[PDB]
Amino acid sequence: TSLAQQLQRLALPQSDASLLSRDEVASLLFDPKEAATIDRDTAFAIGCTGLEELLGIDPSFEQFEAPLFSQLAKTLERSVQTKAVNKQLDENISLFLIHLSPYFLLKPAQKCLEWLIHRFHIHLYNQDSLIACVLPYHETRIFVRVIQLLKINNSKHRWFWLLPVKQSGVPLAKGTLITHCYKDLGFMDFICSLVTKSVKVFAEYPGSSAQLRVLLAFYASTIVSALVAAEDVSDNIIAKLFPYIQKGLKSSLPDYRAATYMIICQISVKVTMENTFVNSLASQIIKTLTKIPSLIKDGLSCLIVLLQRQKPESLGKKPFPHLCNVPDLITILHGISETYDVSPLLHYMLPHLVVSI
Amino acid sequence: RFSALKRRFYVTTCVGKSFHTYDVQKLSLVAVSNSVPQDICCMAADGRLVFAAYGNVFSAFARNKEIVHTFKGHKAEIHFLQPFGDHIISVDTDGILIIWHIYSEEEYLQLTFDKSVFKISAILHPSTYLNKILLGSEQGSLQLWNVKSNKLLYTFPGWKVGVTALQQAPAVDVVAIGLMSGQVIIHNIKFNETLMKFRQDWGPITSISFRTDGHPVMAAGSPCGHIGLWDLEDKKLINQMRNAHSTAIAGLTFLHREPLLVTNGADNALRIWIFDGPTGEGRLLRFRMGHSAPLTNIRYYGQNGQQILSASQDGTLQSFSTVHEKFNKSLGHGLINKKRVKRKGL
Amino acid sequence: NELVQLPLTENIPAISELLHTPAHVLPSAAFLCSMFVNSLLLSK
Amino acid sequence: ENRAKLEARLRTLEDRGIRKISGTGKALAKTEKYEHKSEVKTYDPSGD
Amino acid sequence: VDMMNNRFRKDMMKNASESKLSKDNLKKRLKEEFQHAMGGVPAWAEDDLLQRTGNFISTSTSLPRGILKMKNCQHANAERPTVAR
């Protein structure tokens, strides 16, 4: 089996057996027996029909007509071309899957995904991109089909923990997702990197905030729950989370800032923090408050939480001027005061206010 | 050290009055050198030979076992050895720098530096530079010299802390400078700009290595025994390896085009680290280790006499073979409730 | 002197019900942030 | 009121059955053997 | 400089004409060998808690819940042992 282990480690998607025979064909829409009786023209027609339907709902797909849904893509087969061509194809497929992710529950997206699987074998070459595209819909059955397309049998594979949902045909449970998220840091880094990349891609198009809704909600749903599930939050988790927290604070998307606020609130509730890190977090919250005028109040309330569950003298005097210069500060503070306690913020403010006067 | 006629890398560690050579593939001993009268203070390797310094005299070793050339003419202890083609550069304690031809053993050039003004604490020969060496000082200044012309090309004002380490970055004109304060400075010596700065609060920079397997990662050691991993691309801290060695880190090097790190220390341990886990978590791959604490009791075991049982202050019992080190074995630590140790580790 | 127990995420029923729903059914993140941060505050 | 409580209980039962088949998820990917790359090129500064 | 008759430089020759290369030809030859060995040119070559090393988790003044840190001590009545309740 030493020769067998060497051979199975030497295996590559380029030298797959299914490339050289038509006994079995992988298909998202059809069983393999019927899928082995489909000509390339029929699959191309289904993909073009799906893309044409998708163009009506969202225009910005037109750029994918030429590289992926044309005659040149029809004739092209990846194994024949060099690594640079495959890398460019990987970039194009990743961009198209990022665009597809909001519409995955719709049928035209399924047709386009079927054409991509038939022509480019993305289940072998682009496993990570496909998983990133389909992950926020893990409670659905089409997710189970997409997982069943992949081969994850090896216990040393990255996606081995997704094996039972392939074997039993059941959706992934959220508790397992949370446990693997907090215990395995690579999965959390994958989720954060996917969120940042999708936000950066969708930033260019004006009026595209809605397209990022569900994914961002998923980003809000798991991480906080992961912080709930962990018995003790080690310094590794916070060290990994902090750059993404800063990126969320620096962004202009309301939902991304809201998810960052929830993550910050949960972290402040659960773990005790050194004075320096509380100071830096409060400085970053105060300095970037006024960028989004619709998220002022929550941000201020978030600061209150950070100033209520930590040591009283954690915060310094440096962010005090920028805190005072926000428009209508006392009116928002009074509006919050009508329902909730605002004592920590005034407790911080008054000794600095008298000295500054 | 890389080898000719054998596409393999060898690591050489100083052991008292001798040195040992191991293949990096499996950490198997391949040679043991002859003894020298004094303890070895500095070592260097140039592929063909191994250079060792003891007292005020240094010699060259061939076949990793025997001396073929010895060099006399220094009145103080040597701390630095720089192989330069067919020539060798030696730096004394008082401040004498002499270039010697290895085979003929004659002195090519003699240079002196004022101890108060410029005491050499680090030496580096940048790659693709014709007859050029870089000199660092405890005062904090850097001098670029040309051996052939025997003139000072340029003087870098540097920083007031003082230089402890010099390392060639994977670039034509970029070097890494370590400071006593714990600060690593990435500098371009041709046009005099600093690309980026990193700081660790663990003491002076012991050694710096660069990962060249396609990932821009830099590692710097500390006297506390900790190693910091920095991302050159994003200018941030990736992760920190705490207590890699109990004692101070002596030397750390990434294998060329490999995700492997080779570290040794004063705790009588040579270890290999592989960065293949998720999120770049280094893990122990291979190690060759002996007692890390002074011995308490040693007794011969067996009438055949090929093994000796030894006990140390680290709480371990070990057996050392007298014929070959492949038969060395360890009996472990003294532990009640061994089944709990399985669950949580040592 | 007086000891006050601050609200916790697992104890709040509304937050748990909001966290137990599937992601695609889940509403926008701004509403979730509003409810979460308001529930984390101490009510007077 | 009683109908809403039963439906809330029924949703929990479906999720728990899914959780049983899917697994805890505490397990991670297992480690793999490593072999060194051979015939690797290197630069010798002695030529300088 | 003599590319041939030098052990280190003879491995760097390409054709028979370059027995002796000039200074400028040697520089680009040395540079490209370095870049081939390094695998190319790295991209990086042409307030915040992760620009320094430090901690993130600290101890609280209040007693933590869930787990109590305790150590057993010597028995109070060790000097006077008894069997009664």
# chains A, B, ... in the order shown; residues from 1 in each chain; ligands from 1
$ select_by_dssp --residues "stretch 1-81 of chain E" --states "helix (DSSP H, G or I)" --output "PyMOL selection string"
chain E and resi 7-10+23-38+43-45
$ write_last_selection --atoms "N, CA, C and O atoms" --output "short mmCIF file (atom, residue, chain, number, x, y, z; two decimals), in the first residue's frame"
data_model
loop_
_atom_site.label_atom_id
_atom_site.label_comp_id
_atom_site.auth_asym_id
_atom_site.auth_seq_id
_atom_site.Cartn_x
_atom_site.Cartn_y
_atom_site.Cartn_z
N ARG E 7 35.82 27.23 -10.91
CA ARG E 7 34.89 26.15 -10.61
C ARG E 7 33.46 26.66 -10.47
O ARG E 7 32.52 26.04 -10.97
N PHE E 8 33.28 27.79 -9.79
CA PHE E 8 31.94 28.29 -9.54
C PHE E 8 31.33 28.89 -10.81
O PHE E 8 30.11 28.81 -11.01
N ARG E 9 32.15 29.49 -11.67
CA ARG E 9 31.63 30.17 -12.85
C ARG E 9 31.42 29.23 -14.03
O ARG E 9 30.59 29.52 -14.90
N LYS E 10 32.16 28.12 -14.10
CA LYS E 10 32.02 27.22 -15.24
C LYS E 10 30.64 26.57 -15.26
O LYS E 10 30.14 26.22 -16.33
N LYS E 23 32.36 42.78 -17.35
CA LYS E 23 31.76 43.11 -16.07
C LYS E 23 30.24 43.23 -16.18
O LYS E 23 29.50 42.74 -15.33
N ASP E 24 29.77 43.90 -17.24
CA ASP E 24 28.33 44.09 -17.40
C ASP E 24 27.62 42.78 -17.70
O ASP E 24 26.51 42.55 -17.20
N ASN E 25 28.22 41.92 -18.52
CA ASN E 25 27.62 40.62 -18.80
C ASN E 25 27.57 39.74 -17.56
O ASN E 25 26.63 38.96 -17.39
N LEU E 26 28.58 39.83 -16.70
CA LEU E 26 28.60 39.04 -15.47
C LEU E 26 27.48 39.46 -14.52
O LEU E 26 26.88 38.61 -13.85
N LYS E 27 27.19 40.76 -14.45
CA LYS E 27 26.21 41.26 -13.49
C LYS E 27 24.82 40.70 -13.78
O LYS E 27 24.14 40.19 -12.87
N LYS E 28 24.36 40.79 -15.03
CA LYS E 28 23.05 40.26 -15.37
C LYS E 28 23.04 38.73 -15.29
O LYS E 28 21.99 38.14 -15.00
N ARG E 29 24.18 38.09 -15.55
CA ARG E 29 24.26 36.64 -15.40
C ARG E 29 24.14 36.24 -13.94
O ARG E 29 23.42 35.29 -13.60
N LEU E 30 24.83 36.95 -13.05
CA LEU E 30 24.72 36.68 -11.62
C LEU E 30 23.32 36.99 -11.11
O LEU E 30 22.78 36.27 -10.27
N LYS E 31 22.72 38.08 -11.60
CA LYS E 31 21.40 38.48 -11.13
C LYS E 31 20.33 37.47 -11.53
O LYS E 31 19.47 37.12 -10.71
N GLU E 32 20.36 36.99 -12.77
CA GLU E 32 19.32 36.07 -13.22
C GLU E 32 19.45 34.71 -12.56
O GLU E 32 18.43 34.03 -12.35
N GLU E 33 20.67 34.28 -12.23
CA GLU E 33 20.84 33.04 -11.48
C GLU E 33 20.24 33.17 -10.08
O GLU E 33 19.63 32.22 -9.57
N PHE E 34 20.41 34.33 -9.45
CA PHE E 34 19.81 34.56 -8.13
C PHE E 34 18.29 34.53 -8.21
O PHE E 34 17.63 33.93 -7.35
N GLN E 35 17.71 35.17 -9.23
CA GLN E 35 16.26 35.18 -9.36
C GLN E 35 15.71 33.81 -9.72
O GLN E 35 14.61 33.46 -9.29
N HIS E 36 16.44 33.04 -10.53
CA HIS E 36 16.01 31.67 -10.82
C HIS E 36 16.06 30.80 -9.57
O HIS E 36 15.17 29.98 -9.35
N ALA E 37 17.09 30.98 -8.74
CA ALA E 37 17.17 30.22 -7.49
C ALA E 37 16.07 30.63 -6.53
O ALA E 37 15.46 29.77 -5.88
N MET E 38 15.79 31.93 -6.42
CA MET E 38 14.75 32.41 -5.52
C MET E 38 13.34 32.09 -6.02
O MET E 38 12.39 32.23 -5.25
N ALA E 43 6.68 40.00 -4.79
CA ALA E 43 5.82 41.15 -5.07
C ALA E 43 6.14 42.33 -4.16
O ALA E 43 6.09 43.48 -4.61
N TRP E 44 6.46 42.08 -2.89
CA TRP E 44 6.73 43.16 -1.95
C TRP E 44 8.04 43.88 -2.24
O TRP E 44 8.27 44.96 -1.68
N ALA E 45 8.90 43.32 -3.09
CA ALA E 45 10.21 43.92 -3.34
C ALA E 45 10.14 45.16 -4.22
O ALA E 45 11.07 45.97 -4.20
#
$ closest_atom_pairs --of "chain E" --to "chain A" --cutoff "12 Å" --atoms "only C-alpha atoms" --output "tab-separated table"
residue	atom	partner	partner_atom	distance
E:47	CA	A:280	CA	5.2
E:48	CA	A:280	CA	7.0
E:49	CA	A:277	CA	7.5
E:50	CA	A:239	CA	7.7
E:51	CA	A:243	CA	11.0
E:52	CA	A:239	CA	11.6
E:53	CA	A:239	CA	10.5
E:54	CA	A:235	CA	9.8
E:55	CA	A:235	CA	7.0
E:56	CA	A:235	CA	5.4
E:57	CA	A:273	CA	5.4
E:58	CA	A:273	CA	5.2
E:59	CA	A:272	CA	6.2
E:60	CA	A:272	CA	5.9
E:61	CA	A:311	CA	8.3
E:62	CA	A:272	CA	10.3
E:63	CA	A:272	CA	11.7
E:64	CA	A:272	CA	10.1
E:65	CA	A:231	CA	11.1
E:66	CA	A:231	CA	9.2
E:67	CA	A:231	CA	10.2
$ write_last_selection --atoms "N, CA, C and O atoms" --output "JSON list (two decimals), in the first residue's frame"
[["chain", "number", "residue", "atom", "x", "y", "z"],
["E", 47, "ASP", "N", -3.18, 51.54, 18.49],
["E", 47, "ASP", "CA", -3.67, 51.73, 17.13],
["E", 47, "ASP", "C", -3.82, 50.41, 16.36],
["E", 47, "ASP", "O", -4.86, 50.15, 15.75],
["E", 48, "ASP", "N", -2.78, 49.57, 16.40],
["E", 48, "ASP", "CA", -2.81, 48.24, 15.82],
["E", 48, "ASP", "C", -2.02, 47.29, 16.70],
["E", 48, "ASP", "O", -0.95, 47.65, 17.20],
["E", 49, "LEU", "N", -2.55, 46.08, 16.88],
["E", 49, "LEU", "CA", -1.94, 45.10, 17.76],
["E", 49, "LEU", "C", -1.19, 44.00, 17.02],
["E", 49, "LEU", "O", -0.61, 43.13, 17.68],
["E", 50, "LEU", "N", -1.20, 44.00, 15.69],
["E", 50, "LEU", "CA", -0.50, 42.98, 14.91],
["E", 50, "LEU", "C", 0.70, 43.55, 14.16],
["E", 50, "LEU", "O", 1.20, 42.93, 13.22],
["E", 51, "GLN", "N", 1.17, 44.73, 14.57],
["E", 51, "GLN", "CA", 2.46, 45.23, 14.13],
["E", 51, "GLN", "C", 3.45, 45.07, 15.29],
["E", 51, "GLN", "O", 4.60, 45.49, 15.19],
["E", 52, "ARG", "N", 3.01, 44.43, 16.37],
["E", 52, "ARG", "CA", 3.83, 44.16, 17.54],
["E", 52, "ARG", "C", 3.34, 42.85, 18.14],
["E", 52, "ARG", "O", 2.26, 42.36, 17.80],
["E", 53, "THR", "N", 4.14, 42.29, 19.04],
["E", 53, "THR", "CA", 3.78, 41.06, 19.73],
["E", 53, "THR", "C", 3.27, 41.39, 21.13],
["E", 53, "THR", "O", 3.85, 42.22, 21.83],
["E", 54, "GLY", "N", 2.14, 40.79, 21.49],
["E", 54, "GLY", "CA", 1.50, 41.10, 22.76],
["E", 54, "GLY", "C", 0.34, 40.16, 23.00],
["E", 54, "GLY", "O", 0.06, 39.25, 22.21],
["E", 55, "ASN", "N", -0.34, 40.38, 24.12],
["E", 55, "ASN", "CA", -1.44, 39.53, 24.56],
["E", 55, "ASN", "C", -2.79, 40.14, 24.20],
["E", 55, "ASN", "O", -2.90, 41.32, 23.83],
["E", 56, "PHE", "N", -3.83, 39.32, 24.30],
["E", 56, "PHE", "CA", -5.19, 39.74, 24.01],
["E", 56, "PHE", "C", -6.13, 39.39, 25.15],
["E", 56, "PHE", "O", -7.13, 40.07, 25.38],
["E", 57, "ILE", "N", -5.83, 38.31, 25.87],
["E", 57, "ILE", "CA", -6.68, 37.85, 26.97],
["E", 57, "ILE", "C", -6.04, 38.24, 28.30],
["E", 57, "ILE", "O", -4.86, 37.96, 28.54],
["E", 58, "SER", "N", -6.83, 38.87, 29.17],
["E", 58, "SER", "CA", -6.37, 39.29, 30.48],
["E", 58, "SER", "C", -7.34, 38.77, 31.54],
["E", 58, "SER", "O", -8.43, 38.29, 31.24],
["E", 59, "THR", "N", -6.92, 38.88, 32.80],
["E", 59, "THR", "CA", -7.72, 38.39, 33.92],
["E", 59, "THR", "C", -8.70, 39.46, 34.39],
["E", 59, "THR", "O", -8.43, 40.66, 34.29],
["E", 60, "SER", "N", -9.84, 39.01, 34.89],
["E", 60, "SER", "CA", -10.88, 39.91, 35.38],
["E", 60, "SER", "C", -10.79, 40.07, 36.89],
["E", 60, "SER", "O", -10.24, 39.23, 37.60],
["E", 61, "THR", "N", -11.34, 41.19, 37.38],
["E", 61, "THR", "CA", -11.37, 41.43, 38.82],
["E", 61, "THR", "C", -12.42, 40.56, 39.50],
["E", 61, "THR", "O", -12.20, 40.05, 40.60],
["E", 62, "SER", "N", -13.57, 40.38, 38.86],
["E", 62, "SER", "CA", -14.63, 39.54, 39.40],
["E", 62, "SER", "C", -14.28, 38.07, 39.24],
["E", 62, "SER", "O", -13.45, 37.68, 38.40],
["E", 63, "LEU", "N", -14.92, 37.24, 40.05],
["E", 63, "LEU", "CA", -14.68, 35.80, 39.99],
["E", 63, "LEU", "C", -15.26, 35.24, 38.69],
["E", 63, "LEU", "O", -16.45, 35.45, 38.41],
["E", 64, "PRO", "N", -14.47, 34.53, 37.89],
["E", 64, "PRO", "CA", -15.01, 33.92, 36.67],
["E", 64, "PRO", "C", -15.96, 32.77, 36.98],
["E", 64, "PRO", "O", -15.82, 32.07, 37.98],
["E", 65, "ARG", "N", -16.93, 32.59, 36.09],
["E", 65, "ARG", "CA", -17.92, 31.54, 36.25],
["E", 65, "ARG", "C", -17.48, 30.26, 35.55],
["E", 65, "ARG", "O", -16.51, 30.24, 34.78],
["E", 66, "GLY", "N", -18.21, 29.18, 35.82],
["E", 66, "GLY", "CA", -17.97, 27.92, 35.16],
["E", 66, "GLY", "C", -16.89, 27.07, 35.79],
["E", 66, "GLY", "O", -17.16, 25.96, 36.25],
["E", 67, "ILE", "N", -15.66, 27.57, 35.82],
["E", 67, "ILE", "CA", -14.51, 26.83, 36.31],
["E", 67, "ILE", "C", -13.89, 27.59, 37.47],
["E", 67, "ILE", "O", -13.61, 28.79, 37.35]]
$ residues_around --residues "stretch 297-307 of chain A" --least-positions-apart "6" --cutoff "7 Å" --atoms "only C-alpha atoms" --output "PyMOL selection string"
(chain A and resi 261+265+268+282+289+332+342+344-345) or (chain C and resi 34+37+41)
$ interface_residues --of "chain A" --to "chain D" --cutoff "7 Å" --atoms "only C-alpha atoms" --output "PyMOL selection string"
chain A and resi 155-158+160-161+164-165+170+172-173+175-176+179-180+183-184
$ interface_residues --of "chain A" --to "chain B" --cutoff "8 Å" --atoms "only C-alpha atoms" --output "PyMOL selection string"
chain A and resi 185-186+189
$ closest_atom_pairs --of "chain A" --to "chain C" --cutoff "9 Å" --atoms "only C-alpha atoms" --output "CSV"
residue,atom,partner,partner_atom,distance
A:136,CA,C:23,CA,6.4
A:137,CA,C:24,CA,6.5
A:138,CA,C:22,CA,8.5
A:139,CA,C:22,CA,6.5
A:174,CA,C:20,CA,8.1
A:210,CA,C:28,CA,8.8
A:213,CA,C:28,CA,5.8
A:214,CA,C:24,CA,5.7
A:215,CA,C:23,CA,7.8
A:216,CA,C:29,CA,6.7
A:217,CA,C:29,CA,5.1
A:218,CA,C:23,CA,5.3
A:219,CA,C:29,CA,9.0
A:220,CA,C:29,CA,6.8
A:221,CA,C:19,CA,6.2
A:222,CA,C:19,CA,8.4
A:225,CA,C:19,CA,7.4
A:228,CA,C:10,CA,7.5
A:254,CA,C:30,CA,7.0
A:255,CA,C:29,CA,5.1
A:256,CA,C:29,CA,7.7
A:257,CA,C:30,CA,8.6
A:258,CA,C:30,CA,5.5
A:259,CA,C:29,CA,6.3
A:261,CA,C:33,CA,7.0
A:262,CA,C:33,CA,5.7
A:265,CA,C:37,CA,7.2
A:266,CA,C:9,CA,8.0
A:269,CA,C:8,CA,7.7
A:270,CA,C:8,CA,8.8
A:295,CA,C:30,CA,8.6
A:298,CA,C:34,CA,6.6
A:301,CA,C:37,CA,7.1
A:302,CA,C:37,CA,6.6
A:304,CA,C:41,CA,8.2
A:305,CA,C:41,CA,6.7
A:309,CA,C:6,CA,8.4
A:338,CA,C:44,CA,9.0
A:339,CA,C:44,CA,6.7
A:340,CA,C:43,CA,5.0
A:341,CA,C:44,CA,6.0
$ interface_residues --of "chain D" --to "chain E" --cutoff "8 Å" --atoms "only C-alpha atoms" --output "mmCIF file with N, CA, C and O atoms, in the first residue's frame"
data_model
loop_
_atom_site.group_PDB
_atom_site.id
_atom_site.type_symbol
_atom_site.label_atom_id
_atom_site.label_comp_id
_atom_site.auth_asym_id
_atom_site.auth_seq_id
_atom_site.Cartn_x
_atom_site.Cartn_y
_atom_site.Cartn_z
ATOM 1 N N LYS D 41 17.237 23.826 -7.287
ATOM 2 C CA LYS D 41 18.328 24.718 -7.655
ATOM 3 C C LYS D 41 18.688 25.630 -6.490
ATOM 4 O O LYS D 41 17.833 26.000 -5.683
ATOM 5 N N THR D 42 19.968 25.988 -6.403
ATOM 6 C CA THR D 42 20.455 26.879 -5.360
ATOM 7 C C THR D 42 21.497 27.821 -5.948
ATOM 8 O O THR D 42 22.073 27.560 -7.008
ATOM 9 N N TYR D 43 21.728 28.927 -5.248
ATOM 10 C CA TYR D 43 22.695 29.937 -5.658
ATOM 11 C C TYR D 43 23.887 29.914 -4.712
ATOM 12 O O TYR D 43 23.717 29.973 -3.489
ATOM 13 N N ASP D 44 25.090 29.830 -5.280
ATOM 14 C CA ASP D 44 26.313 29.798 -4.492
ATOM 15 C C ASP D 44 27.011 31.145 -4.584
ATOM 16 O O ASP D 44 27.410 31.548 -5.688
ATOM 17 N N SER D 46 29.935 31.968 -3.816
ATOM 18 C CA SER D 46 31.373 31.882 -4.053
ATOM 19 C C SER D 46 31.738 32.370 -5.450
ATOM 20 O O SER D 46 32.866 32.819 -5.683
ATOM 21 N N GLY D 47 30.799 32.280 -6.395
ATOM 22 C CA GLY D 47 31.066 32.759 -7.742
ATOM 23 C C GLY D 47 31.273 34.260 -7.805
ATOM 24 O O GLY D 47 31.940 34.767 -8.711
ATOM 25 N N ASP D 48 30.689 34.991 -6.852
ATOM 26 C CA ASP D 48 30.838 36.444 -6.817
ATOM 27 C C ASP D 48 32.294 36.855 -6.637
ATOM 28 O O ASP D 48 32.719 37.905 -7.133
#
$ interface_residues --of "chain B" --to "chain D" --cutoff "8 Å" --atoms "only C-alpha atoms" --output "PyMOL selection string"
chain B and resi 7-8+25+46+83-86+127-131+256-258+277
$ write_last_selection --atoms "N, CA, C and O atoms" --output "mmCIF file, in the first residue's frame"
data_model
loop_
_atom_site.group_PDB
_atom_site.id
_atom_site.type_symbol
_atom_site.label_atom_id
_atom_site.label_comp_id
_atom_site.auth_asym_id
_atom_site.auth_seq_id
_atom_site.Cartn_x
_atom_site.Cartn_y
_atom_site.Cartn_z
ATOM 1 N N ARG B 7 22.676 15.560 -4.297
ATOM 2 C CA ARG B 7 21.631 16.588 -4.270
ATOM 3 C C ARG B 7 20.879 16.527 -2.938
ATOM 4 O O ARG B 7 19.681 16.249 -2.867
ATOM 5 N N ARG B 8 21.615 16.804 -1.862
ATOM 6 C CA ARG B 8 21.067 16.795 -0.514
ATOM 7 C C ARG B 8 21.686 17.923 0.296
ATOM 8 O O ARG B 8 22.786 18.395 -0.006
ATOM 9 N N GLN B 25 17.217 15.218 5.560
ATOM 10 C CA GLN B 25 16.103 14.357 5.174
ATOM 11 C C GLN B 25 15.576 13.546 6.351
ATOM 12 O O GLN B 25 14.358 13.424 6.531
ATOM 13 N N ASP B 46 31.241 26.652 3.419
ATOM 14 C CA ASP B 46 31.212 27.153 2.049
ATOM 15 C C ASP B 46 30.962 26.044 1.032
ATOM 16 O O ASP B 46 31.394 26.139 -0.118
ATOM 17 N N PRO B 83 33.195 33.049 4.448
ATOM 18 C CA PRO B 83 33.801 32.473 3.241
ATOM 19 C C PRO B 83 33.551 33.371 2.038
ATOM 20 O O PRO B 83 32.424 33.809 1.796
ATOM 21 N N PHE B 84 34.614 33.642 1.282
ATOM 22 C CA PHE B 84 34.551 34.523 0.117
ATOM 23 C C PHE B 84 35.288 33.833 -1.028
ATOM 24 O O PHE B 84 36.482 34.068 -1.232
ATOM 25 N N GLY B 85 34.565 33.007 -1.781
ATOM 26 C CA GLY B 85 35.179 32.277 -2.881
ATOM 27 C C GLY B 85 36.284 31.364 -2.391
ATOM 28 O O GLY B 85 36.089 30.529 -1.502
ATOM 29 N N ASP B 86 37.466 31.526 -2.979
ATOM 30 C CA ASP B 86 38.662 30.813 -2.552
ATOM 31 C C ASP B 86 39.355 31.486 -1.374
ATOM 32 O O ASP B 86 40.416 31.019 -0.949
ATOM 33 N N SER B 127 24.459 39.174 -2.023
ATOM 34 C CA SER B 127 24.528 38.382 -3.243
ATOM 35 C C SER B 127 24.608 39.285 -4.467
ATOM 36 O O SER B 127 24.092 40.406 -4.468
ATOM 37 N N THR B 128 25.275 38.786 -5.510
ATOM 38 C CA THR B 128 25.487 39.450 -6.797
ATOM 39 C C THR B 128 26.278 40.747 -6.675
ATOM 40 O O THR B 128 26.221 41.584 -7.585
ATOM 41 N N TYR B 129 27.012 40.942 -5.584
ATOM 42 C CA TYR B 129 27.866 42.108 -5.408
ATOM 43 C C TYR B 129 29.322 41.703 -5.600
ATOM 44 O O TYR B 129 29.796 40.755 -4.965
ATOM 45 N N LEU B 130 30.022 42.422 -6.473
ATOM 46 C CA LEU B 130 31.397 42.082 -6.814
ATOM 47 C C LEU B 130 32.344 42.610 -5.743
ATOM 48 O O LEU B 130 32.541 43.824 -5.624
ATOM 49 N N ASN B 131 32.930 41.689 -4.971
ATOM 50 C CA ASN B 131 33.960 41.995 -3.975
ATOM 51 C C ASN B 131 33.469 42.980 -2.918
ATOM 52 O O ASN B 131 34.222 43.845 -2.469
ATOM 53 N N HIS B 256 15.908 25.933 1.600
ATOM 54 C CA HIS B 256 15.687 26.623 0.337
ATOM 55 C C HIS B 256 14.529 25.994 -0.428
ATOM 56 O O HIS B 256 14.519 24.785 -0.680
ATOM 57 N N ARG B 257 13.556 26.833 -0.796
ATOM 58 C CA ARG B 257 12.359 26.419 -1.535
ATOM 59 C C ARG B 257 11.609 25.303 -0.808
ATOM 60 O O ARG B 257 11.028 24.413 -1.432
ATOM 61 N N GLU B 258 11.618 25.352 0.520
ATOM 62 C CA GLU B 258 10.971 24.344 1.344
ATOM 63 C C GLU B 258 10.235 25.021 2.489
ATOM 64 O O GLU B 258 10.692 26.050 3.002
ATOM 65 N N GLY B 277 0.215 23.001 8.412
ATOM 66 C CA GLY B 277 -1.094 22.963 9.019
ATOM 67 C C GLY B 277 -1.931 24.162 8.637
ATOM 68 O O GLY B 277 -1.469 25.116 7.992
#
